[PDB]
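**Q** See upload03.pdb below, with PDB, C-alpha atoms.
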ATOM      1  CA  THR A   1     -11.507 -17.208   9.832
ATOM      2  CA  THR A   2      -9.979 -15.301   6.918
ATOM      3  CA  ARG A   3     -11.276 -15.817   3.418
ATOM      4  CA  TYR A   4      -9.169 -16.715   0.389
ATOM      5  CA  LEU A   5      -9.550 -15.086  -3.007
ATOM      6  CA  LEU A   6      -9.536 -18.140  -5.250
ATOM      7  CA  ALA A   7      -7.477 -17.797  -8.415
ATOM      8  CA  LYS A   8      -8.135 -19.570 -11.694
ATOM      9  CA  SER A   9      -5.119 -21.849 -11.368
ATOM     10  CA  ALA A  10      -6.666 -23.444  -8.246
ATOM     11  CA  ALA A  11     -10.326 -23.243  -9.344
ATOM     12  CA  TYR A  12      -9.533 -25.086 -12.603
ATOM     13  CA  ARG A  13      -8.060 -27.903 -10.513
ATOM     14  CA  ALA A  14     -10.996 -28.109  -8.077
ATOM     15  CA  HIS A  15     -11.801 -31.555  -9.549
ATOM     16  CA  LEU A  16      -8.480 -33.095  -8.494
ATOM     17  CA  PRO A  17      -8.900 -35.032  -5.212
ATOM     18  CA  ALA A  18      -6.226 -33.219  -3.164
ATOM     19  CA  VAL A  19      -7.499 -29.853  -4.343
ATOM     20  CA  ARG A  20     -11.134 -30.758  -3.700
ATOM     21  CA  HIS A  21     -10.078 -31.917  -0.241
ATOM     22  CA  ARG A  22      -8.816 -28.400   0.487
ATOM     23  CA  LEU A  23     -11.499 -26.391  -1.324
ATOM     24  CA  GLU A  24     -14.706 -28.136  -0.230
ATOM     25  CA  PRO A  25     -14.420 -27.389   3.516
ATOM     26  CA  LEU A  26     -13.482 -23.781   2.807
ATOM     27  CA  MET A  27     -16.460 -23.458   0.501
ATOM     28  CA  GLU A  28     -18.848 -25.026   3.009
ATOM     29  CA  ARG A  29     -17.621 -22.566   5.649
ATOM     30  CA  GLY A  30     -18.015 -19.567   3.340
ATOM     31  CA  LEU A  31     -14.267 -18.922   3.290
ATOM     32  CA  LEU A  32     -13.676 -18.825  -0.470
ATOM     33  CA  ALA A  33     -14.015 -15.418  -2.122
ATOM     34  CA  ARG A  34     -14.603 -14.172  -5.650
ATOM     35  CA  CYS A  35     -14.393 -10.836  -7.421
ATOM     36  CA  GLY A  36     -15.298  -9.464 -10.825
ATOM     37  CA  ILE A  37     -12.175 -10.638 -12.580
ATOM     38  CA  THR A  38     -11.994 -14.114 -11.016
ATOM     39  CA  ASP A  39     -15.577 -14.719 -12.109
ATOM     40  CA  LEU A  40     -14.658 -13.664 -15.664
ATOM     41  CA  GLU A  41     -11.742 -16.033 -15.766
ATOM     42  CA  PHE A  42     -13.973 -18.829 -14.414
ATOM     43  CA  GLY A  43     -16.542 -18.162 -17.144
ATOM     44  CA  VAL A  44     -14.087 -19.237 -19.845
ATOM     45  CA  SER A  45     -14.672 -22.791 -18.650
ATOM     46  CA  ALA A  46     -18.338 -22.776 -19.677
ATOM     47  CA  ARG A  47     -19.337 -25.402 -22.217
ATOM     48  CA  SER A  48     -22.520 -23.673 -23.476
ATOM     49  CA  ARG A  49     -24.422 -20.440 -22.897
ATOM     50  CA  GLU A  50     -26.687 -22.133 -20.371
ATOM     51  CA  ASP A  51     -23.631 -23.654 -18.695
ATOM     52  CA  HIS A  52     -22.192 -20.150 -18.350
ATOM     53  CA  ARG A  53     -25.378 -19.274 -16.465
ATOM     54  CA  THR A  54     -25.022 -22.445 -14.350
ATOM     55  CA  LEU A  55     -21.450 -21.526 -13.504
ATOM     56  CA  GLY A  56     -22.483 -18.014 -12.522
ATOM     57  CA  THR A  57     -25.172 -19.375 -10.222
ATOM     58  CA  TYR A  58     -22.629 -21.751  -8.686
ATOM     59  CA  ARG A  59     -20.113 -18.992  -8.065
ATOM     60  CA  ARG A  60     -22.677 -16.716  -6.452
ATOM     61  CA  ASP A  61     -23.823 -19.629  -4.244
ATOM     62  CA  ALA A  62     -20.352 -20.916  -3.334
ATOM     63  CA  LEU A  63     -17.979 -17.944  -3.028
ATOM     64  CA  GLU A  64     -18.276 -14.727  -1.059
ATOM     65  CA  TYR A  65     -18.151 -11.567  -3.152
ATOM     66  CA  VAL A  66     -15.536  -8.897  -2.526
ATOM     67  CA  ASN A  67     -15.517  -5.570  -4.357
ATOM     68  CA  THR A  68     -12.846  -4.300  -6.727
ATOM     69  CA  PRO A  69     -11.729  -0.787  -5.718
ATOM     70  CA  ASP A  70     -10.773   1.667  -8.432
ATOM     71  CA  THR A  71      -7.222   1.693  -7.034
ATOM     72  CA  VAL A  72      -6.432  -1.684  -8.590
ATOM     73  CA  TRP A  73      -5.327  -0.207 -11.905
ATOM     74  CA  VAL A  74      -2.528   1.902 -10.454
ATOM     75  CA  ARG A  75      -1.631  -0.744  -7.884
ATOM     76  CA  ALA A  76      -1.268  -3.293 -10.667
ATOM     77  CA  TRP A  77       0.890  -0.813 -12.599
ATOM     78  CA  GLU A  78       3.173  -0.424  -9.556
ATOM     79  CA  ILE A  79       3.511  -4.179  -9.167
ATOM     80  CA  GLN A  80       4.172  -4.562 -12.892
ATOM     81  CA  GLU A  81       6.903  -1.911 -12.656
ATOM     82  CA  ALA A  82       8.567  -3.816  -9.823
ATOM     83  CA  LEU A  83       8.409  -7.031 -11.890
ATOM     84  CA  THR A  84       9.935  -5.408 -14.964
ATOM     85  CA  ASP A  85      13.669  -5.559 -14.385
ATOM     86  CA  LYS A  86      13.510  -9.323 -13.840
ATOM     87  CA  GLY A  87      11.348  -9.698 -16.947
ATOM     88  CA  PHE A  88       8.314 -11.034 -15.135
ATOM     89  CA  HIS A  89       6.131  -8.245 -16.473
ATOM     90  CA  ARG A  90       6.136 -10.194 -19.758
ATOM     91  CA  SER A  91       4.931 -13.445 -18.199
ATOM     92  CA  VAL A  92       2.721 -12.409 -15.235
ATOM     93  CA  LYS A  93      -0.756 -12.036 -16.665
ATOM     94  CA  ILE A  94      -2.658  -8.765 -16.281
ATOM     95  CA  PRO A  95      -5.624 -10.447 -14.537
ATOM     96  CA  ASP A  96      -3.275 -11.883 -11.888
ATOM     97  CA  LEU A  97      -2.003  -8.393 -11.059
ATOM     98  CA  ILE A  98      -5.587  -7.281 -10.572
ATOM     99  CA  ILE A  99      -6.433 -10.328  -8.438
ATOM    100  CA  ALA A 100      -3.418  -9.586  -6.251
ATOM    101  CA  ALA A 101      -4.461  -5.954  -5.847
ATOM    102  CA  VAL A 102      -8.005  -6.972  -4.873
ATOM    103  CA  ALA A 103      -6.794  -9.498  -2.327
ATOM    104  CA  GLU A 104      -4.307  -7.012  -0.884
ATOM    105  CA  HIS A 105      -7.015  -4.375  -0.551
ATOM    106  CA  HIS A 106      -9.215  -6.764   1.412
ATOM    107  CA  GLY A 107      -6.358  -8.198   3.473
ATOM    108  CA  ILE A 108      -7.090 -11.768   2.326
ATOM    109  CA  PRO A 109      -4.672 -14.333   0.837
ATOM    110  CA  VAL A 110      -4.799 -15.394  -2.783
ATOM    111  CA  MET A 111      -5.271 -19.169  -2.991
ATOM    112  CA  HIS A 112      -3.630 -20.314  -6.192
ATOM    113  CA  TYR A 113      -1.606 -22.904  -8.062
ATOM    114  CA  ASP A 114       0.775 -20.578  -9.940
ATOM    115  CA  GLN A 115       4.253 -19.427  -8.863
ATOM    116  CA  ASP A 116       3.465 -16.021 -10.366
ATOM    117  CA  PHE A 117       1.481 -15.183  -7.221
ATOM    118  CA  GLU A 118       4.662 -15.810  -5.222
ATOM    119  CA  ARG A 119       6.510 -13.448  -7.572
ATOM    120  CA  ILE A 120       3.893 -10.765  -6.909
ATOM    121  CA  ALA A 121       3.968 -11.391  -3.147
ATOM    122  CA  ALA A 122       7.747 -10.990  -3.076
ATOM    123  CA  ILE A 123       7.014  -7.355  -3.996
ATOM    124  CA  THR A 124       3.813  -6.598  -2.120
ATOM    125  CA  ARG A 125       4.465  -8.802   0.931
ATOM    126  CA  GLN A 126       0.809  -9.801   0.793
ATOM    127  CA  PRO A 127      -0.270 -13.280   1.885
ATOM    128  CA  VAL A 128      -0.562 -15.953  -0.801
ATOM    129  CA  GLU A 129      -1.067 -19.690  -0.470
ATOM    130  CA  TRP A 130      -0.733 -22.737  -2.697
ATOM    131  CA  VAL A 131      -4.041 -24.613  -2.638
ATOM    132  CA  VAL A 132      -2.024 -27.784  -2.107
ATOM    133  CA  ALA A 133       1.685 -28.090  -1.533
ATOM    134  CA  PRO A 134       3.351 -27.470  -4.926
ATOM    135  CA  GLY A 135       5.557 -30.551  -4.665
TER     136      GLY A 135
ATOM    137  CA  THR B   1     -14.370  15.096 -32.228
ATOM    138  CA  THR B   2     -14.866  11.750 -30.490
ATOM    139  CA  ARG B   3     -11.963  10.025 -28.821
ATOM    140  CA  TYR B   4     -10.859   6.446 -29.449
ATOM    141  CA  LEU B   5      -9.905   4.018 -26.705
ATOM    142  CA  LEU B   6      -6.700   2.583 -28.129
ATOM    143  CA  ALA B   7      -6.314  -1.169 -27.749
ATOM    144  CA  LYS B   8      -3.040  -3.046 -27.451
ATOM    145  CA  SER B   9      -3.311  -4.595 -30.904
ATOM    146  CA  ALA B  10      -3.121  -1.107 -32.479
ATOM    147  CA  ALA B  11      -0.729   0.460 -29.937
ATOM    148  CA  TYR B  12       1.814  -2.349 -30.479
ATOM    149  CA  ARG B  13       1.764  -1.518 -34.190
ATOM    150  CA  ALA B  14       2.144   2.254 -33.714
ATOM    151  CA  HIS B  15       5.625   1.968 -35.291
ATOM    152  CA  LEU B  16       4.316   0.702 -38.637
ATOM    153  CA  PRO B  17       4.049   3.598 -41.136
ATOM    154  CA  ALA B  18       0.343   3.223 -42.010
ATOM    155  CA  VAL B  19      -0.563   2.897 -38.348
ATOM    156  CA  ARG B  20       1.608   5.843 -37.323
ATOM    157  CA  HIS B  21      -0.046   7.836 -40.101
ATOM    158  CA  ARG B  22      -3.416   7.259 -38.427
ATOM    159  CA  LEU B  23      -2.346   7.499 -34.779
ATOM    160  CA  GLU B  24      -0.091  10.572 -34.788
ATOM    161  CA  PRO B  25      -2.745  13.127 -35.837
ATOM    162  CA  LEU B  26      -5.233  11.680 -33.363
ATOM    163  CA  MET B  27      -2.632  11.884 -30.627
ATOM    164  CA  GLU B  28      -1.686  15.462 -31.492
ATOM    165  CA  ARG B  29      -5.370  16.428 -31.333
ATOM    166  CA  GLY B  30      -5.893  14.709 -27.979
ATOM    167  CA  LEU B  31      -8.271  12.153 -29.490
ATOM    168  CA  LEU B  32      -6.628   8.941 -28.275
ATOM    169  CA  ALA B  33      -7.802   7.643 -24.900
ATOM    170  CA  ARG B  34      -6.415   5.285 -22.282
ATOM    171  CA  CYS B  35      -7.769   3.542 -19.208
ATOM    172  CA  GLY B  36      -6.364   1.474 -16.373
ATOM    173  CA  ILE B  37      -6.301  -1.796 -18.248
ATOM    174  CA  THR B  38      -4.951  -0.454 -21.556
ATOM    175  CA  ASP B  39      -2.072   1.133 -19.660
ATOM    176  CA  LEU B  40      -1.342  -2.222 -17.983
ATOM    177  CA  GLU B  41      -1.272  -4.019 -21.284
ATOM    178  CA  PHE B  42       1.020  -1.306 -22.705
ATOM    179  CA  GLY B  43       3.405  -1.718 -19.765
ATOM    180  CA  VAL B  44       4.264  -5.265 -20.841
ATOM    181  CA  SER B  45       6.268  -3.690 -23.652
ATOM    182  CA  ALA B  46       8.748  -2.050 -21.274
ATOM    183  CA  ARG B  47      12.366  -3.077 -21.718
ATOM    184  CA  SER B  48      13.588  -2.071 -18.224
ATOM    185  CA  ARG B  49      12.158  -0.656 -15.007
ATOM    186  CA  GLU B  50      13.111   2.865 -16.039
ATOM    187  CA  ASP B  51      11.596   2.238 -19.470
ATOM    188  CA  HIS B  52       8.346   1.259 -17.752
ATOM    189  CA  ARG B  53       8.442   4.692 -16.117
ATOM    190  CA  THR B  54       9.203   6.306 -19.504
ATOM    191  CA  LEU B  55       6.256   4.515 -21.063
ATOM    192  CA  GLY B  56       3.966   5.637 -18.259
ATOM    193  CA  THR B  57       5.047   9.241 -18.728
ATOM    194  CA  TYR B  58       4.440   8.917 -22.468
ATOM    195  CA  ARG B  59       0.963   7.499 -21.995
ATOM    196  CA  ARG B  60      -0.045  10.203 -19.539
ATOM    197  CA  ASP B  61       1.291  12.852 -21.963
ATOM    198  CA  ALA B  62      -0.187  11.359 -25.144
ATOM    199  CA  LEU B  63      -3.559   9.781 -24.312
ATOM    200  CA  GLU B  64      -6.574  11.183 -22.507
ATOM    201  CA  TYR B  65      -7.594   9.271 -19.395
ATOM    202  CA  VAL B  66     -11.068   7.799 -19.043
ATOM    203  CA  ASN B  67     -12.282   6.138 -15.850
ATOM    204  CA  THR B  68     -13.256   2.501 -15.414
ATOM    205  CA  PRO B  69     -16.698   2.230 -13.774
ATOM    206  CA  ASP B  70     -17.359  -0.634 -11.396
ATOM    207  CA  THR B  71     -20.004  -1.924 -13.826
ATOM    208  CA  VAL B  72     -17.365  -3.328 -16.175
ATOM    209  CA  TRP B  73     -17.140  -6.660 -14.376
ATOM    210  CA  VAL B  74     -20.786  -7.589 -14.863
ATOM    211  CA  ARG B  75     -20.900  -6.034 -18.323
ATOM    212  CA  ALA B  76     -17.922  -8.144 -19.347
ATOM    213  CA  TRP B  77     -19.656 -11.217 -17.898
ATOM    214  CA  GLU B  78     -22.752 -10.470 -20.015
ATOM    215  CA  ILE B  79     -20.672 -10.089 -23.159
ATOM    216  CA  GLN B  80     -18.768 -13.282 -22.355
ATOM    217  CA  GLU B  81     -22.082 -15.121 -21.927
ATOM    218  CA  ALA B  82     -23.230 -13.934 -25.348
ATOM    219  CA  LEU B  83     -19.924 -15.111 -26.868
ATOM    220  CA  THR B  84     -20.147 -18.552 -25.279
ATOM    221  CA  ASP B  85     -22.331 -20.561 -27.621
ATOM    222  CA  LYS B  86     -20.066 -19.735 -30.567
ATOM    223  CA  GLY B  87     -17.008 -20.609 -28.481
ATOM    224  CA  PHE B  88     -15.499 -17.146 -28.555
ATOM    225  CA  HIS B  89     -15.460 -16.945 -24.775
ATOM    226  CA  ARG B  90     -12.417 -19.247 -24.962
ATOM    227  CA  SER B  91     -10.480 -17.017 -27.355
ATOM    228  CA  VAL B  92     -11.585 -13.430 -26.543
ATOM    229  CA  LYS B  93      -9.225 -12.246 -23.841
ATOM    230  CA  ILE B  94     -10.575 -10.980 -20.519
ATOM    231  CA  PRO B  95      -8.838  -7.584 -20.863
ATOM    232  CA  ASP B  96     -10.558  -7.025 -24.229
ATOM    233  CA  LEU B  97     -13.970  -7.531 -22.620
ATOM    234  CA  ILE B  98     -13.068  -4.903 -20.051
ATOM    235  CA  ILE B  99     -11.764  -2.495 -22.707
ATOM    236  CA  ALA B 100     -15.020  -2.901 -24.620
ATOM    237  CA  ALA B 101     -17.073  -2.215 -21.496
ATOM    238  CA  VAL B 102     -15.053   0.929 -20.734
ATOM    239  CA  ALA B 103     -15.401   2.250 -24.265
ATOM    240  CA  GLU B 104     -19.125   1.489 -24.299
ATOM    241  CA  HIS B 105     -19.605   3.299 -20.999
ATOM    242  CA  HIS B 106     -17.926   6.415 -22.369
ATOM    243  CA  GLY B 107     -19.600   6.199 -25.777
ATOM    244  CA  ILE B 108     -16.251   6.118 -27.612
ATOM    245  CA  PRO B 109     -15.043   3.627 -30.254
ATOM    246  CA  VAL B 110     -12.334   1.088 -29.574
ATOM    247  CA  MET B 111      -9.491   1.556 -32.068
ATOM    248  CA  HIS B 112      -7.887  -1.825 -32.564
ATOM    249  CA  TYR B 113      -6.250  -4.341 -34.863
ATOM    250  CA  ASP B 114      -8.029  -7.506 -33.672
ATOM    251  CA  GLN B 115     -11.202  -9.082 -35.095
ATOM    252  CA  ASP B 116     -12.218  -9.972 -31.537
ATOM    253  CA  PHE B 117     -13.410  -6.382 -31.066
ATOM    254  CA  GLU B 118     -15.752  -6.925 -34.020
ATOM    255  CA  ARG B 119     -17.020 -10.096 -32.331
ATOM    256  CA  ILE B 120     -17.756  -8.101 -29.174
ATOM    257  CA  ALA B 121     -19.405  -5.281 -31.143
ATOM    258  CA  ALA B 122     -21.704  -7.746 -32.900
ATOM    259  CA  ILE B 123     -23.212  -8.256 -29.427
ATOM    260  CA  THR B 124     -23.025  -4.809 -27.869
ATOM    261  CA  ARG B 125     -23.559  -2.769 -31.055
ATOM    262  CA  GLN B 126     -20.895  -0.386 -29.786
ATOM    263  CA  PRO B 127     -18.624   1.430 -32.236
ATOM    264  CA  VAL B 128     -15.271  -0.167 -33.038
ATOM    265  CA  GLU B 129     -12.725   0.723 -35.694
ATOM    266  CA  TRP B 130      -9.702  -0.910 -37.291
ATOM    267  CA  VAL B 131      -6.752   1.464 -36.941
ATOM    268  CA  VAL B 132      -6.019   0.799 -40.606
ATOM    269  CA  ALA B 133      -8.087  -1.183 -43.050
ATOM    270  CA  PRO B 134      -7.552  -4.871 -42.163
ATOM    271  CA  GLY B 135      -6.833  -5.870 -45.757
TER     272      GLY B 135
END
Do you think you could lay out the structure here as structure tokens?
**A**
Amino acid sequence: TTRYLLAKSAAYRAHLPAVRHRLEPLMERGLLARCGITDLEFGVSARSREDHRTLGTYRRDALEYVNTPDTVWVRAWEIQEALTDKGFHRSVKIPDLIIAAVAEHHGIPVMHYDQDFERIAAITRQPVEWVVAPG
Amino acid sequence: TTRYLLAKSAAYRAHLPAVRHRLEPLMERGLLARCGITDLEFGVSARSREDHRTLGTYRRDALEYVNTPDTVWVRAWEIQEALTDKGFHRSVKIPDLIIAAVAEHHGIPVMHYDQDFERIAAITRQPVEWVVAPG
């Protein structure tokens, strides 16, 4: 039904059996999504220039593209402001703010393995989901 | 004449006398630029929610805005690919790729204090400048 914007923390664990068990059916159904910044974070995992090309081909084959509206910069600033008094603005990574803003714009959950997405969602009220139960 | 897109590595050193000596005249002349992502990285330095607001007001008063075109995501991916064989894709931060793409789009140098901008410029041939001589 709804797609999930897959965050690095889950993608980098796609090889673990429980995580694969969740991600493979979503992928086969076309329910995993990517955007500009999640592709960039995925590209860090390349092991050669050609492998970076292989990874790009995989991502374009396996995850549905969603656009990044130009509102993400201010939205991320708003979220960062709301995280500041608790001090989370110094630990929540800038790319994760952008990912959250993209997912919120499209009305899709972020699928992740990082409590920081729960810290963002406490502010935005947007849907987020652990790829597998954290415990 | 030309503006400079100010990167975090220089902004975070604005209090050092040599750096202030370079940045204050540029600021007074309206020659320092900001974009969505450089403002986000600056916001990490806030020391309270209200201070985050103070910092935002300062940035809007002190640095000229430039837009972030939707081409930055693919441009950053291209740069990351060209950094991959040397291994720099695993150390050059995603926000710095975006900053470089913004500056390149606008034809303005990045003003920085991080050799990673020189690694990017070796690929793109775009202008970059140390805020003060690195040595």
**Q** Hey, can you pull every residue with an atom no more than 6 Å from (-6.7, 8.9, -26.4), using all atoms listed in the file, and send it as a PyMOL selection string?
**A** chain B and resi 3-5+31-34+63-64
**Q** Please save C-alpha atoms of the selected residues as a PDB file, keeping the file's coordinate frame.
**A**
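What follows is the written file again-v4.pdb:
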ATOM      1  CA  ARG B   3     -11.963  10.025 -28.821  1.00  0.00           C
ATOM      2  CA  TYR B   4     -10.859   6.446 -29.449  1.00  0.00           C
ATOM      3  CA  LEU B   5      -9.905   4.018 -26.705  1.00  0.00           C
ATOM      4  CA  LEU B  31      -8.271  12.153 -29.490  1.00  0.00           C
ATOM      5  CA  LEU B  32      -6.628   8.941 -28.275  1.00  0.00           C
ATOM      6  CA  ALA B  33      -7.802   7.643 -24.900  1.00  0.00           C
ATOM      7  CA  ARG B  34      -6.415   5.285 -22.282  1.00  0.00           C
ATOM      8  CA  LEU B  63      -3.559   9.781 -24.312  1.00  0.00           C
ATOM      9  CA  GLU B  64      -6.574  11.183 -22.507  1.00  0.00           C
TER      10      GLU B  64
END
**Q** Which residues fall under the ChimeraX specification (/A :<7) & /B in this file, as a CSV table (one decimal) with C-alpha atoms, keeping the file's coordinate frame?
**A**
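The new file expr34.csv reads:
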chain,number,residue,atom,x,y,z
B,36,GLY,CA,-6.4,1.5,-16.4
B,37,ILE,CA,-6.3,-1.8,-18.2
B,40,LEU,CA,-1.3,-2.2,-18.0
B,44,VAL,CA,4.3,-5.3,-20.8
B,48,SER,CA,13.6,-2.1,-18.2
B,49,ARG,CA,12.2,-0.7,-15.0
B,52,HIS,CA,8.3,1.3,-17.8
B,73,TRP,CA,-17.1,-6.7,-14.4
B,77,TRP,CA,-19.7,-11.2,-17.9
B,81,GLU,CA,-22.1,-15.1,-21.9
B,84,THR,CA,-20.1,-18.6,-25.3
B,85,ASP,CA,-22.3,-20.6,-27.6
B,89,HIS,CA,-15.5,-16.9,-24.8
B,90,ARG,CA,-12.4,-19.2,-25.0
B,94,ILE,CA,-10.6,-11.0,-20.5
**Q** Once chain A has been least-squares superposed onto chain B, matching all their Cα atoms in order, can you return it as a compact mmCIF listing (two decimals) with C-alpha atoms, keeping the file's coordinate frame?
**A**
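Done, and the output landed in part-v2.txt:
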# COMPACT_ATOMS: atom_id res chain seq x y z
CA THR A 1 -14.37 15.10 -32.23
CA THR A 2 -14.87 11.75 -30.49
CA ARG A 3 -11.96 10.02 -28.82
CA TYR A 4 -10.86 6.45 -29.45
CA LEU A 5 -9.90 4.02 -26.71
CA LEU A 6 -6.70 2.58 -28.13
CA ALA A 7 -6.31 -1.17 -27.75
CA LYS A 8 -3.04 -3.05 -27.45
CA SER A 9 -3.31 -4.59 -30.90
CA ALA A 10 -3.12 -1.11 -32.48
CA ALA A 11 -0.73 0.46 -29.94
CA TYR A 12 1.81 -2.35 -30.48
CA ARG A 13 1.76 -1.52 -34.19
CA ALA A 14 2.14 2.25 -33.71
CA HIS A 15 5.63 1.97 -35.29
CA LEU A 16 4.32 0.70 -38.64
CA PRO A 17 4.05 3.60 -41.14
CA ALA A 18 0.34 3.22 -42.01
CA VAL A 19 -0.56 2.90 -38.35
CA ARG A 20 1.61 5.84 -37.32
CA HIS A 21 -0.05 7.84 -40.10
CA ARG A 22 -3.42 7.26 -38.43
CA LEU A 23 -2.35 7.50 -34.78
CA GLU A 24 -0.09 10.57 -34.79
CA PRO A 25 -2.75 13.13 -35.84
CA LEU A 26 -5.23 11.68 -33.36
CA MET A 27 -2.63 11.88 -30.63
CA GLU A 28 -1.69 15.46 -31.49
CA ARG A 29 -5.37 16.43 -31.33
CA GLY A 30 -5.89 14.71 -27.98
CA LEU A 31 -8.27 12.15 -29.49
CA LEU A 32 -6.63 8.94 -28.27
CA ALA A 33 -7.80 7.64 -24.90
CA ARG A 34 -6.42 5.28 -22.28
CA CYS A 35 -7.77 3.54 -19.21
CA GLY A 36 -6.36 1.47 -16.37
CA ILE A 37 -6.30 -1.80 -18.25
CA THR A 38 -4.95 -0.45 -21.56
CA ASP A 39 -2.07 1.13 -19.66
CA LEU A 40 -1.34 -2.22 -17.98
CA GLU A 41 -1.27 -4.02 -21.28
CA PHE A 42 1.02 -1.31 -22.70
CA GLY A 43 3.41 -1.72 -19.77
CA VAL A 44 4.26 -5.26 -20.84
CA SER A 45 6.27 -3.69 -23.65
CA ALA A 46 8.75 -2.05 -21.27
CA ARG A 47 12.37 -3.08 -21.72
CA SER A 48 13.59 -2.07 -18.22
CA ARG A 49 12.16 -0.66 -15.01
CA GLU A 50 13.11 2.87 -16.04
CA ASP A 51 11.60 2.24 -19.47
CA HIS A 52 8.35 1.26 -17.75
CA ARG A 53 8.44 4.69 -16.12
CA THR A 54 9.20 6.31 -19.50
CA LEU A 55 6.26 4.51 -21.06
CA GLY A 56 3.97 5.64 -18.26
CA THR A 57 5.05 9.24 -18.73
CA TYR A 58 4.44 8.92 -22.47
CA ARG A 59 0.96 7.50 -21.99
CA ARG A 60 -0.04 10.20 -19.54
CA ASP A 61 1.29 12.85 -21.96
CA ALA A 62 -0.19 11.36 -25.14
CA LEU A 63 -3.56 9.78 -24.31
CA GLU A 64 -6.57 11.18 -22.51
CA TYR A 65 -7.59 9.27 -19.39
CA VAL A 66 -11.07 7.80 -19.04
CA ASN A 67 -12.28 6.14 -15.85
CA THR A 68 -13.26 2.50 -15.41
CA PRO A 69 -16.70 2.23 -13.77
CA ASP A 70 -17.36 -0.63 -11.40
CA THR A 71 -20.00 -1.92 -13.83
CA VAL A 72 -17.37 -3.33 -16.18
CA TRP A 73 -17.14 -6.66 -14.38
CA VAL A 74 -20.79 -7.59 -14.86
CA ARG A 75 -20.90 -6.03 -18.32
CA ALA A 76 -17.92 -8.14 -19.35
CA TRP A 77 -19.66 -11.22 -17.90
CA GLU A 78 -22.75 -10.47 -20.01
CA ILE A 79 -20.67 -10.09 -23.16
CA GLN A 80 -18.77 -13.28 -22.35
CA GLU A 81 -22.08 -15.12 -21.93
CA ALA A 82 -23.23 -13.93 -25.35
CA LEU A 83 -19.92 -15.11 -26.87
CA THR A 84 -20.15 -18.55 -25.28
CA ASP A 85 -22.33 -20.56 -27.62
CA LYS A 86 -20.07 -19.73 -30.57
CA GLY A 87 -17.01 -20.61 -28.48
CA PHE A 88 -15.50 -17.15 -28.56
CA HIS A 89 -15.46 -16.95 -24.77
CA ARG A 90 -12.42 -19.25 -24.96
CA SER A 91 -10.48 -17.02 -27.35
CA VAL A 92 -11.58 -13.43 -26.54
CA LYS A 93 -9.22 -12.25 -23.84
CA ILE A 94 -10.58 -10.98 -20.52
CA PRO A 95 -8.84 -7.58 -20.86
CA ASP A 96 -10.56 -7.03 -24.23
CA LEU A 97 -13.97 -7.53 -22.62
CA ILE A 98 -13.07 -4.90 -20.05
CA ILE A 99 -11.76 -2.49 -22.71
CA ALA A 100 -15.02 -2.90 -24.62
CA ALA A 101 -17.07 -2.21 -21.50
CA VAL A 102 -15.05 0.93 -20.73
CA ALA A 103 -15.40 2.25 -24.26
CA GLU A 104 -19.12 1.49 -24.30
CA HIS A 105 -19.61 3.30 -21.00
CA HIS A 106 -17.93 6.41 -22.37
CA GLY A 107 -19.60 6.20 -25.78
CA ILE A 108 -16.25 6.12 -27.61
CA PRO A 109 -15.04 3.63 -30.25
CA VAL A 110 -12.33 1.09 -29.57
CA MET A 111 -9.49 1.56 -32.07
CA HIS A 112 -7.89 -1.82 -32.56
CA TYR A 113 -6.25 -4.34 -34.86
CA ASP A 114 -8.03 -7.51 -33.67
CA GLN A 115 -11.20 -9.08 -35.10
CA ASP A 116 -12.22 -9.97 -31.54
CA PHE A 117 -13.41 -6.38 -31.07
CA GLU A 118 -15.75 -6.92 -34.02
CA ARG A 119 -17.02 -10.10 -32.33
CA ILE A 120 -17.76 -8.10 -29.17
CA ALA A 121 -19.40 -5.28 -31.14
CA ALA A 122 -21.70 -7.75 -32.90
CA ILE A 123 -23.21 -8.26 -29.43
CA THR A 124 -23.03 -4.81 -27.87
CA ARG A 125 -23.56 -2.77 -31.05
CA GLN A 126 -20.90 -0.39 -29.79
CA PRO A 127 -18.62 1.43 -32.24
CA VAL A 128 -15.27 -0.17 -33.04
CA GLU A 129 -12.72 0.72 -35.69
CA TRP A 130 -9.70 -0.91 -37.29
CA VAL A 131 -6.75 1.46 -36.94
CA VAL A 132 -6.02 0.80 -40.61
CA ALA A 133 -8.09 -1.18 -43.05
CA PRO A 134 -7.55 -4.87 -42.16
CA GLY A 135 -6.83 -5.87 -45.76
**Q** Between CA of residue 122 in chain B and CA of residue 42 in chain A, what is the distance in Å, rounded to a tenth?
**A**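 Distance reported for this atom pair: 22.9 Å.
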**Q** What is the distance, in Å and to one decimal place, between CA of residue 9 in chain A and CA of residue 114 in chain A?
**A**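 Taking CA of residue 9 in chain A and CA of residue 114 in chain A, their separation equals 6.2 Å.
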**Q** For the PyMOL selection byres ((chain A and resi 11-25) around 10), applied here, can you spell out every residue it catches as number ranges by chain?
**A** A: 6-10, 26-32, 38, 41-42, 45, 62, 111-113, 130-133
**Q** Could you tell me which of B:96, B:65, B:2, B:57 comes closest to residue 118 in chain B if we count only C-alpha atoms?
**A** B:96
**Q** Please report the interatomic distance between CA of residue 104 in chain A and CA of residue 128 in chain A in Å with one decimal.
**A**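 Going from CA of residue 104 in chain A over to CA of residue 128 in chain A, I get 9.7 Å.
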**Q** Taking only C-alpha atoms into account, which of A:79, A:99, A:105, A:60 comes nearest residue 124 in chain A?
**A**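 Of A:79, A:99, A:105, A:60, the one nearest residue 124 in chain A is A:79, counting only C-alpha atoms.
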**Q** Go through B:66, B:1, B:59, B:127 one by one, measure the shortest atom-to-atom distance of each to residue 108 in chain B using only C-alpha atoms, and give the residue with the smallest value.
**A**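 Comparing B:66, B:1, B:59, B:127 against residue 108 in chain B, the winner is B:127.
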**Q** Of the candidates B:121, B:58, B:126, B:134, which shows the shortest atom-to-atom distance to residue 106 in chain B, using only C-alpha atoms?
**A** B:126
